[PDB]
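Going down the list, the sequences are from chains D and C. According to the deposited numbering, the residues represented by the first sequence are 338 to 387, in order. According to the deposited numbering, the residues represented by the second sequence are 68 to 116, in order. Notes follow the structure.
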Amino acid sequence: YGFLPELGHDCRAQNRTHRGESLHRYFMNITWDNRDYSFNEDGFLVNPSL
Amino acid sequence: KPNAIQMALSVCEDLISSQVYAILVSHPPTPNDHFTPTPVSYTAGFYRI
Numbered sequence: 338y339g340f341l342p343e344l345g346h347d348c349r350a351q352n353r354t355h356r357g358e359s360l361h362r363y364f365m366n367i368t369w370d371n372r373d374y375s376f377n378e379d380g381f382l383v384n385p386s387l
Numbered sequence: 068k069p070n071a072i073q074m075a076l077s078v079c080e081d082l083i084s085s086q087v088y089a090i091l092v093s094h095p096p097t098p099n100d101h102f103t104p105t106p107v108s109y110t111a112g113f114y115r116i
C-alpha cells in the first residue's frame with residue numbers, strides 16, 4: 338500500500354468486523370533474533386523453540 | 068443497547084451491582100446473529116456468573 342490504512346478504530350462510535358479477516362495473512366513471515374515467529378491461521382505459533 | 072461495546076459495560080454496571088445469581092438473555096428483535104449473547108457471556112463468565 339505504501340501508506341498507513343487506519344481503520345475505524347473508534348470504539349465508542351461504530352463497529353466493524355469484516356475487514357479483520359485480511360489481517361492474519363500479513364503475520365506469516367515474521368523472523369527475529371535468529372528465531373521464527375511465524376503465526377498460523379489459528380493464532381498461535383506453528384514452529385516454536387520449546 | 069444498539070451498539071456492541073456499550074452493552075458489555077452496561078451489563079456489569081446495572082446487573083451484577085444488584086447481587087445477581089444468574090442472568091437471562093434473549094435474541095435481539097433485529098435479525099442480527101450473535102450480537103447480544105457475546106458481551107454478556109464474556110463479562111459474566113469473568114466471575115463465573
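Backbone N, C-alpha and C define an ideal beta-carbon position, used for all residues, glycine too.
Have a look at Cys348 (chain D) and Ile72 (chain C) and give me their C-alpha separation to the nearest angstrom.
7 Å
For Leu382 (chain D), write down the residues that DSSP places opposite it in a beta bridge.
D:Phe376
Tell me which residues share the same chain as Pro95 (chain C) and place their Cβ nearer than 7 Å to its Cβ, disregarding the 5 neighbours each side in the sequence.
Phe102, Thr103
In whole angstroms, give me the CA-to-CA distance for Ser108 (chain C) and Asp379 (chain D).
22 Å
If the cut is a Cβ gap below 7 Å, which residues of chain D does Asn70 (chain C) touch?
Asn352
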